[PDB]
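One rule links them: number in the entry's author numbering = place in the sequence shown (from 1) + 1. In this text, a Cβ means the ideal position worked out from N, Cα and C, and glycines have one as well.
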Amino acid sequence: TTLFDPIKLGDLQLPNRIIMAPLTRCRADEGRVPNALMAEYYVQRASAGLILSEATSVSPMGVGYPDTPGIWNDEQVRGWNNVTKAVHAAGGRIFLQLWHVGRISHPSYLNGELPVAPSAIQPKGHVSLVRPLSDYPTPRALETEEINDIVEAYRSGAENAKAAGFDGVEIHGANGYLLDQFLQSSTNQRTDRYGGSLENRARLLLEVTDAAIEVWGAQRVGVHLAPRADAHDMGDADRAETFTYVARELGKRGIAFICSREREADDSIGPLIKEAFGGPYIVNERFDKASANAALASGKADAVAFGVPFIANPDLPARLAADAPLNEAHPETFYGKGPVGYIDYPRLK
Ligand SMILES: Cc1cc2nc3c(=O)[nH]c(=O)nc-3n(C[C@H](O)[C@H](O)[C@H](O)COP(=O)(O)O)c2cc1C
Ligand SMILES: Cc1c([N+](=O)[O-])cc([N+](=O)[O-])cc1[N+](=O)[O-]
Numbered sequence: 002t003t004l005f006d007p008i009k010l011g012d013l014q015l016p017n018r019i020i021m022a023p024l025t026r027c028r029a030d031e032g033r034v035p036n037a038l039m040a041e042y043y044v045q046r047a048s049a050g051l052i053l054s055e056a057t058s059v060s061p062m063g064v065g066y067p068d069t070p071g072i073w074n075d076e077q078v079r080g081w082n083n084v085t086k087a088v089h090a091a092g093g094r095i096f097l098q099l100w101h102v103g104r105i106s107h108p109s110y111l112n113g114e115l116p117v118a119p120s121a122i123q124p125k126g127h128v129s130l131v132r133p134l135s136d137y138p139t140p141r142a143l144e145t146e147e148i149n150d151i152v153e154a155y156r157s158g159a160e161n162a163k164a165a166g167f168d169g170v171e172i173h174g175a176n177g178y179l180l181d182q183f184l185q186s187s188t189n190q191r192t193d194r195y196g197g198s199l200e201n202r203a204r205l206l207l208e209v210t211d212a213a214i215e216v217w218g219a220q221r222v223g224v225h226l227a228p229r230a231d232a233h234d235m236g237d238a239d240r241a242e243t244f245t246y247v248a249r250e251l252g253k254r255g256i257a258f259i260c261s262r263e264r265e266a267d268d269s270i271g272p273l274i275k276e277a278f279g280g281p282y283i284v285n286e287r288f289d290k291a292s293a294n295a296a297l298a299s300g301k302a303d304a305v306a307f308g309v310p311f312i313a314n315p316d317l318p319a320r321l322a323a324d325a326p327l328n329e330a331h332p333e334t335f336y337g338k339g340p341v342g343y344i345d346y347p348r349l350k
């Protein structure tokens with residue numbers, strides 16, 4: 002098996018195993034509404050086996066960056082519908098990544114309110130993009146009932162994604178955002194049904210997953226994880242146990258895939274997760290053509306997601322097939338505004 006062999010995820014046939022990783026780019030219109038610029042960008046990348054969209058918030062309290070899109074209202078659904086129609090006409094496939102940033106936010110995005118979280122534990126560091134430099138606030142610990150409200154927002158978010166014509170949704174369970182905050186022991190000190198045991202810590206992620214399953218069918222839902230717990234001040238007392246529990250439970254549900262941001266190293270627990278899950282496993286982080294093909298050949302992966310290389314290379318699959326040069330990425334325009342560093346990376350000549 003190579004990157005260029007087709008794969009099915011659930012009942013969706015992909016033409017290859019080169020996946021576009023989810024990538025926040027902050028190019029949405031005011032009101033967090035997807036636009037024609039975003040449609041153009043995704044269409045340029047439609048040769049990807051599957052596109053995983055930029056993280057998209059399921060409620061106004063789940064945002065923490067400027068100009069990132071939402072999926073909670075009709076205006077946003079309409080904007081996304083133009084994206085998915087254009088991707089589909091271009092012969093591509095796309096899933097919406099459902100987001101809630103939890104404590105990784107700033108009151109300036111939340112009309113002065115505090116970011117919410119499983120527990121009132123301040124994340125270290127500075128808020129990305131915010132100027133002048135600012136620490137994160139200490140978040141407000143959610144009430145038990147408010148967590149059910151969040152589940153309902155993911156449910157409505159998944160329904161809205163379906164109305165917007167996506168091929169499926171991916172739950173953002175990774176990178177220290179809300180669901181990950183609940184999942185891990187350092188950030189979750191709750192003593193209700195949502196903390197204080199592994200079953201309880203994983204509960205919110207599985208409840209959101211089940212809601213998405215009611216709307217889509219499990220074979221059109223994926224989940225994103227970050228098993229090294231290395232972004233946004235995370236940490237868990239037994240991550241081998243925590244992430245394989247999740248993998249096992251998601252596998253029981255027959256979900257379409259798990260995608261893990263976890264570069265290859267001796268301590269990679271990807272193989273334990275893959276085995277416990279039993280379905281298609283998408284690896285990610287610092288892979289290139291050679292190491293991706295090696296992972297497919299060894300059975301460590303069923304497909305491989307590329308992030309920065311897809312930012313810089315709209316026709317990454319053709320470039321990889323041809324062992325062609327790759328455009329150099331410009332991290333200074335990963336975020337920010339407009340078409341420069343967004344839709345102006347050239348295709349192969
Ligand atoms: C600019 C940028 C935006 C990203 N946005 C998201 C995101 O919205 N959701 C997510 O799960 N990961 C996001 N990531 C992480 C990537 O999906 C991926 O895990 C990471 O870039 C490593 O893979 P790579 O080495 O192939 O780039 C982002 C990464 C970058 C550089
Ligand atoms: C490394 C990283 C993030 N971070 O700030 O540490 C955030 C991401 N995100 O989803 O916004 C993704 C990241 N990543 O996967 O490289």
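Asked                                                                                                        : Found
Bounding residues of the beta strand (DSSP E) (the contiguous stretch that carries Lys9)                     : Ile8 to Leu10
Completely contained beta strand (DSSP E) runs for the segment 50–126, where each covers 3 or more residues  : 51–58 and 95–100
Between the CA atoms of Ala232 and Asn176 - distance to the nearest angstrom                                 : 5 Å
Residue environment, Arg287, which counts as buried when at least 16 other CB atoms sit within 10 Å          : exposed
Proximity winner among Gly279, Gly196 and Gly71, relative to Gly300 (alpha-carbon distances)                 : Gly279
Sheet register partners of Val170 (DSSP bridge)                                                              : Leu97 and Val222
Backbone CA spacing between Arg46 and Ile52 [nearest angstrom]                                               : 8 Å
Ranges of the alpha helix (DSSP H) found wholly within the segment 129–205, counting only runs of at least 4 : 145–164 and 179–184
contact_flag[the segment 79–99, the segment 117–135] where n(CB pairs < 8 Å) is 3 or more                    : no
Rounded distance between the beta-carbons of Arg156 and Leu184, thought under 8 Å                            : Not confirmed; about 19 Å, so no contact.
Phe307 Cβ short of 7 Å to ligand 1 heavy atom set                                                            : yes
Through-space distance from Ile172 to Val209, alpha-carbon basis                                             : 8 Å
Burial state of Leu134 (16 or more Cβ within 10 Å)                                                           : exposed
Inside the segment 241–287 only - beta strand (DSSP E) runs reaching at least 3 residues                     : 258–262 and 282–285
Contact under 8 Å by Cβ, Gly158 with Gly223                                                                  : no
Selected residue, minimal CA-CA separation from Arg229, among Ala212, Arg194 and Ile274                      : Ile274
Integer Cβ distance of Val64 from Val102, believed to fall under 8 Å                                         : 6 Å
Distance cut-off 7 Å: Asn161 Cβ against heavy atoms of ligand 2                                              : no
Span of the beta strand (DSSP E) around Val305                                                               : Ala304 to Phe307
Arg191 vs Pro119 beta-carbon contact at 8 Å                                                                  : yes
Distance between beta carbons of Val88 and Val44, contact taken as under 8 Å                                 : 6 Å
Distance between beta carbons of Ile259 and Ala241, contact taken as under 8 Å                               : The Cβ separation is near 15 Å, so there is no contact.
Ligand 2 heavy atom lying under 7 Å from the CB of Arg262                                                    : yes
C-alpha distance - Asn149 paired with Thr3, whole-angstrom precision                                         : 43 Å
Distance, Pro332 Cα to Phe307 Cα                                                                             : 15 Å
For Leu15, the first and last residue of its enclosing beta strand (DSSP E)                                  : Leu13 to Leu15
Any non-hydrogen atom of ligand 3 closer than 7 Å to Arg28 Cβ                                                : Ligands in the displayed structure: ligand 1 and ligand 2; ligand 3 is not one of them.
For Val216 and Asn161, the rounded distance between their alpha carbons                                      : 10 Å
Helix, strand or coil at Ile312 [DSSP, three-state]                                                          : helix
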